[PDB]
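The structure appears right after this line, and notes come after that.
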Amino acid sequence: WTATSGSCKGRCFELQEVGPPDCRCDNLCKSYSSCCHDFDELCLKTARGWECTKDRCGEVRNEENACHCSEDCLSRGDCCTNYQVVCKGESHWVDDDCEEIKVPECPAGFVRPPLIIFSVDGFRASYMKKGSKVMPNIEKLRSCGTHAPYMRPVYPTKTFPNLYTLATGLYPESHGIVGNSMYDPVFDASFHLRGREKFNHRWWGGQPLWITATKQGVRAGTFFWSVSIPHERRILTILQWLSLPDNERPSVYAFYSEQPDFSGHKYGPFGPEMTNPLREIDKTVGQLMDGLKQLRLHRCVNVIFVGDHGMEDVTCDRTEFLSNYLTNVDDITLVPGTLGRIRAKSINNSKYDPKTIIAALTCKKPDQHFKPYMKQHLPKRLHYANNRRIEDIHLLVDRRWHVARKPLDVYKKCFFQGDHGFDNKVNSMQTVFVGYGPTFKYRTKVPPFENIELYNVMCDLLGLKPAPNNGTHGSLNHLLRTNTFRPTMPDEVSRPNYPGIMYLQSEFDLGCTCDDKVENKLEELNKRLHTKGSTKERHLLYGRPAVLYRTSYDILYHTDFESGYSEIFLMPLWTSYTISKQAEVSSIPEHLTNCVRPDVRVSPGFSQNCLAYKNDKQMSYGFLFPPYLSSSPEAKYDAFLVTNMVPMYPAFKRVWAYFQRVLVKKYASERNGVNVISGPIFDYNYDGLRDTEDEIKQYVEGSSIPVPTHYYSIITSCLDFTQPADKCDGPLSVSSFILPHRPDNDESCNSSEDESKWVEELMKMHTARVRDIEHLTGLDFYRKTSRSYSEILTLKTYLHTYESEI
Ligand SMILES: *[C@@H]1O[C@H](CO)[C@@H](O[C@@H]2O[C@H](CO)[C@@H](O[C@@H]3O[C@H](CO[C@H]4O[C@H](CO)[C@@H](O)[C@H](O[C@H]5O[C@H](CO)[C@@H](O)[C@H](O)[C@@H]5O[C@H]5O[C@H](CO)[C@@H](O)[C@H](O)[C@@H]5O)[C@@H]4O)[C@@H](O)[C@H](O[C@H]4O[C@H](CO)[C@@H](O)[C@H](O)[C@@H]4O[C@H]4O[C@H](CO)[C@@H](O)[C@H](O)[C@@H]4O)[C@@H]3O)[C@H](O)[C@H]2NC(C)=O)[C@H](O)[C@H]1NC(C)=O
Ligand SMILES: CCCc1nnnn1-c1cc(C(=O)NCc2cnc(C)cn2)cc(-c2ccc(C)cc2F)c1
Ligand SMILES: [Ca+2]
Ligand SMILES: [Ca+2]
Ligand SMILES: [Cl-]
Ligand code: NA
Ligand SMILES: [Zn+2]
């Protein structure tokens, strides 16, 4: 209950929320049906519109007008944004030549340049080029400031997950806003777009920028505007707040536009009706920039123009219905649309079984437009699993499509022509970033980056210490003229051992055999050199990875490859090798088909054994350094060492063998040599972080050999592909993947066909950042290069998406 019978006089859009429930005049009051009776009257004035006209110039203040053209309006901070232009012969900001802002040019009493966030809903990245004719203010921001060709949203590419990711630097799985709708089984509560539960704070985890600011003594404008508050009034309020006294004035502000998303849903991303919302957004930027110029703040504030996600062409007739696949349709709850999430309709039903639901949805129709996953089998790049609000069963929906439960759900809920929510690597989902101001660079294009990175930068812009988040702090230093964050490399926690030959063959009882007893100071001094690391400069190009946790491991050197071998998990944590453009693929000789060789540098007690693989009828094994790529017949023997062996399902060996036999050589040919680092990943609790030994849920039968949940590879070459990978003088180029180590190839519907038809496609789906592999392994890569560390951080955050040109 609010006894809403006080007044908003002199309190319009007050920055602090009041008790006793006086009645409120802040930004949230409308949402809480708690505004004072006179809120609309005093705070939402509209009389005379939003622009000065020639005849209003020098008028007598009339407090009824929405904005003012009177002589005293500058001191009051409440002129119409075009005042100086119409009344004082000034030019519009957009008409001025742009001039580098080398230092902040701020009025006295400004302790730091303010940050103004101009956020636009559904602003697809290609609008920057495609609508450029109708968006002159935005186009000047972009060409004069710093801009990316696009910015990558988080999954799902919905509004609340993305706005809150922008606010926190966290993946939705960590901040808790994992969709536009959610059920939290612990709370036993539901969250929806329409309604009041969404206002309960218990949904909103992490620490958003306004809270980070406030806790550190930096005041923030409100990050909420009621839908009904017109855009002109939002801008005038921000401009009013900027005229507050030094002790009261916020340092960070947010504007938000519901457009172009709103029209995009109705007309599609490029409907002819879309021109007008883009014009109107541009005009709103113009009003802000004219207003800032009037306050002499246009060379003082940093402005960020930023979208939450893009927009795709989606119509009613492109809907897949679960009723065409499932017989038990009424025993499930589907969260529907551009993603699907399935759970049991009732928990008092023990006849509900996720595995049969998955099986009924798997590759059932030739052109099927969604793919079911258990959430832990989703591509690791999505970081979409570690939250009780994400249902175990998930549907990734093809771009341009919807999934729904039953047809009645679609015609008794074509209206819409656009939607978003799809995989965050989809081109149509990409959004925008432009930074303009004294702290951003001048006329600079930066590479595309992920929106999880912005929180750190916004904290940098405000001199704040960021809360713990998923950005990689320093990876966006190249956006900034000053205020950069000088990251330092993490310290190695475990140093390796360098074992020499310490064991005789007969000490090993591994049930392994090799036809290798086929026999010289030429070739014997040579092999000794290789075992001591003579070729290591060739196969370990960027230094050994650092181990960032406490463990026991050995460096093992070989002619063709180097490895960091874990005595704890009984296999390498990483294996490193370089394949030049000129390298030759050979086959595994017949007599060596089943060969596994004891490693006389490593104890029987810290080795795998062959018997375990014989006994385990499900599990086979593969090698990290591929025998196919051995440099000579004698070097090939190194590849069959038990210390190069890893557990692999036969279904997965089809994927791996094709990667190692065909694709590595193809990349070496295309990129002029590649360095490859490969290894296992263990993430049984699907938190995106390296498992400790006590977290492993599966072992090779009858052994302590842990089964990986994934296999990674990091493939590095020279960005200037005229230089070979092993002799690169400049920036690097990387692509990586994290493949799920699965006992079936159910994920790939074409898997009965030859590997040339489906494997590369699977690998593309499971593309990853080096940074994702760093979290999953506790390793730190690229420690010894000739590059600056900020540049390496940017490289570690790169994702090769395989989408065509935006
Ligand atoms: C992306 O970046 C983020 C941010 O850095 C990374 O997430 C962090 O990861 C840490 C390691 O997993 C994690 O640390 C744990 O936190 C526990 C205390 O957490 C509370 O306090 C913090 C700080 O204020 C707060 O942010 C947390 O918020 C979470 O939970 C609330 C309420 O549920 C939500 O509102 C919020 O959205 C958030 O949820 C998310 O995280 C939780 C896990 O915390 C998930 O369950 C959710 O799904 C969701 O993703 C909390 O309010 C602390 O208790 C933990 O300590 C245990 O383990 C340590 C090991 O060092 C041990 O020393 C302790 O003794 C303790 O063990 C005991 O508890 C065990 C489990 O109950 C039990 O088994 C034992 O027997 C013991 O009793 C731990 O320190 C940190 O909370 C999150 N932070 C955030 C914001 O999510 C994330 O990893 C990054 N992602 C990637 C891919 O890199
Ligand atoms: C709908 C109005 C949305 C809205 N209006 N003005 N700002 N604003 C907004 C909200 C958010 C958010 O995440 N808010 C949480 C929330 C949202 N809704 C409820 C009910 C409870 N809590 C984030 C932003 C944001 C944009 C860009 C960047 C770089 C950083 C940001 F932080 C903006
Ligand atoms: Ca077996
Ligand atoms: Ca884990
Ligand atoms: Cl959703
Ligand atoms: Na298949
Ligand atoms: Zn939308």
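Using amide H atoms built 1.01 Å from N in the peptide plane, name the residues 5+ places from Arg343, or on other chains, whose amide H lies under 5 Å from its own.
Placed amide hydrogens put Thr333, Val335 under 5 Å from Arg343.
With unit charges on the beta carbon (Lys/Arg positive, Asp/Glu negative), name the residue among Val700, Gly605, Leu115 whose Cα is farthest towards the positive pole of the charge dipole of the chain.
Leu115
Return the long-range amide H neighbours of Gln259 (sequence gap of 5 or more, or a different chain), with a cut-off of under 5 Å between placed amide H atoms.
HN-HN under 5 Å from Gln259: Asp121.
Got a sec to turn the phi values of region 470-482 into Karplus ³J(HN,Hα) couplings, 6.51 cos²θ - 1.76 cosθ + 1.60 with θ = phi - 60°, whole Hz, x for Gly and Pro?
8, x, 10, 6, x, 5, 10, 4, 4, 7, 10, 6, 9
Roughly what would the spin-label model give for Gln698 and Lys130, points 7 Å off Cα along C-beta, in nm?
Output for this residue pair reads 4.3 nm.
Mind checking the full-extension length gain between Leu28 and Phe224? Use 0.36 nm per residue of separation minus the Cα-Cα distance, one decimal, nm.
Extra length from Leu28 to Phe224 when fully extended: 69.9 nm.
So if I place +1 on the C-beta of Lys and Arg and -1 on the C-beta of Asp and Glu, and nothing else carries charge, what would the dipole magnitude of the chain be about its Cα centre? I want it in debye, nearest 20.
Taking the Cα centre of the chain as origin, the dipole is about 480 debye.
I'd like the FRET efficiency for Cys363 and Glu41, computed as 1/(1 + (r/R0)^6) with the beta carbon distance as r and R0 of 45 Å, rounded to 0.05.
0.15
With the crude spin-label approximation of a point 7 Å out along Cα→Cβ, what separation in nm comes out for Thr53 versus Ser323?
Between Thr53 and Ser323, the simple spin-label model gives 5.7 nm.
Can you compute the FRET efficiency between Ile347 and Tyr789 using 1/(1 + (r/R0)^6), with r the Cβ-Cβ distance and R0 = 56 Å? Round to the nearest 0.05.
So the FRET efficiency works out to roughly 0.65.
What chymotrypsin sites (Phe, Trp or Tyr not before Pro) in region 1-103 are in a loop by DSSP, with at most 12 other Cβ atoms within 10 Å of the Cβ? Working shown, then result.
Details: sites: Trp1, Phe13, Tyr32, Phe39, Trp50, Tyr83, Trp93; in loops: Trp1, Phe13, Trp50.
Sparse-neighbourhood loop chymotrypsin sites (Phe, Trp or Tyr not before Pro): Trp1.
Going by average Cβ neighbours within 10 Å, how do the peptides 329-339, 116-126 rank, with the highest at the top?
Output ranking for 329-339, 116-126: 116-126, 329-339.
In which sequence would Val154, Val664 go, from the one with the fewest C-beta neighbours within 10 Å to the one with the most?
Starting with the residue having the fewest Cβ neighbours, the order is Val664, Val154.
Could you list, by residue number, the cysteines of the chain that have no other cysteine's beta carbon within less than 4.7 Å of their beta carbon?
Here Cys459 come out as lacking a disulfide-compatible partner, given the Cβ-Cβ threshold of under 4.7 Å.
Under the rule of -39500 (n - 2.57) per DSSP H run of 4 or more residues, summed and divided by the residues of the chain, what mean residue ellipticity at 222 nm is obtained, to the nearest 500 deg cm²/dmol?
Rounded to the nearest 500, it is -5500 deg cm²/dmol.
For a quick check: with amide H placed at 1.01 Å from N, whose amide H comes under 5 Å from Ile568's, ignoring anything fewer than 5 positions away on the same chain?
Close amide H contacts, sequence-distant or interchain: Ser552.
Kindly put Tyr782, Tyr325, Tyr621 in sequence by how many other C-beta atoms sit within 10 Å of each C-beta, fewest to most.
In increasing order of surrounding Cβ atoms, one gets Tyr325, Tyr621, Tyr782.
Taking 7 Å along the Cα-to-C-beta vector as the label spot, tell me the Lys102-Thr214 distance in nanometres, rounded to one decimal.
4.1
So if we plug the beta-carbon distance of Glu670 and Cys414 into 1/(1 + (r/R0)^6) with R0 = 45 Å, what FRET efficiency do we get, rounded to 0.05?
Computed FRET efficiency for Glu670 and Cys414 comes out at 0.55.
Kindly provide log₁₀ I(q)/I(0) values, in the same order as q = 0.15, 0.32 Å⁻¹, from the Debye equation applied to equal alpha-carbon scatterers of region 640-691.
Per q value, in the given order, log10 I(q)/I(0) is -0.62, -1.15.
Would you mind telling me the antiparallel percentage of the DSSP bridges in the chain, rounded to 5?
Roughly 75 percent of the beta bridges in the chain run antiparallel, per DSSP.
Of the options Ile588, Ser190, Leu44, report the single residue whose Cα projects farthest towards the positive end of the charge dipole of the chain (beta-carbon charges: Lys, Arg +1; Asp, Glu -1).
Of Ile588, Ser190, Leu44, it is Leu44.
State the dimensionless ratio Rg/Rh of region 499-582 (Rg: radius of gyration of Cα atoms; Rh: Kirkwood radius).
That ratio equals 1.00.
With θ set to phi - 60° and the Karplus curve 6.51 cos²θ - 1.76 cosθ + 1.60, what are the ³J(HN,Hα) couplings of region 597-603 in order, to the nearest whole Hz, using x for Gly and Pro?
With the stated coefficients, region 597-603 comes to 10, x, 9, 6, 8, 10, 4 Hz.
Suppose every K and R has +1 on its Cβ and every D and E has -1 on its Cβ; what is the size of the dipole of region 96-190 about the Cα centre, in Debye to the nearest 20?
380
Hey, what do the phi angles of region 609-622 turn into as Karplus ³J(HN,Hα) couplings, whole Hz, using 6.51/-1.76/1.60 and θ = phi - 60°, x for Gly and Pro?
9, 6, 3, 3, 6, 4, 4, 7, 6, 8, 9, 10, 9, x
Once you have the Cα-Cα distance between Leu663 and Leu525, take 0.36 nm times their residue separation minus that, and quote the gain in nm to one decimal.
Values: separation 138, 0.36 × 138 = 49.68 nm, distance 3.39 nm.
Net length gain for the segment: 46.3 nm.
What length, rounded to one decimal in nm, is gained on full extension from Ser632 through to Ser620, with 0.36 nm per residue of separation minus their alpha-carbon distance?
1.7 nm
Considering the options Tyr411, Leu15, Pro487, tell which one lies farthest towards the positive end of the dipole of the chain, charges being +1 on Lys and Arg and -1 on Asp and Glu at the Cβ, about the Cα centre.
About the Cα centre, the residue reaching furthest to the positive side is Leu15.
Which ordering of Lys796, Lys130, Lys54, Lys697 is given by a fewest-first count of other beta-carbon atoms within 10 Å? The partial results should precede the final answer.
Working: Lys796 21, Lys130 15, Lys54 8, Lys697 11.
Going from sparsest to densest Cβ surroundings: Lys54, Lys697, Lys130, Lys796.
Ideal geometry is used to build each Cβ from the backbone, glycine not excepted, and the neighbour counts take in all protein chains shown. Bear in mind these aren't lab numbers, they're just calculated from the coordinates by the rules spelled out.
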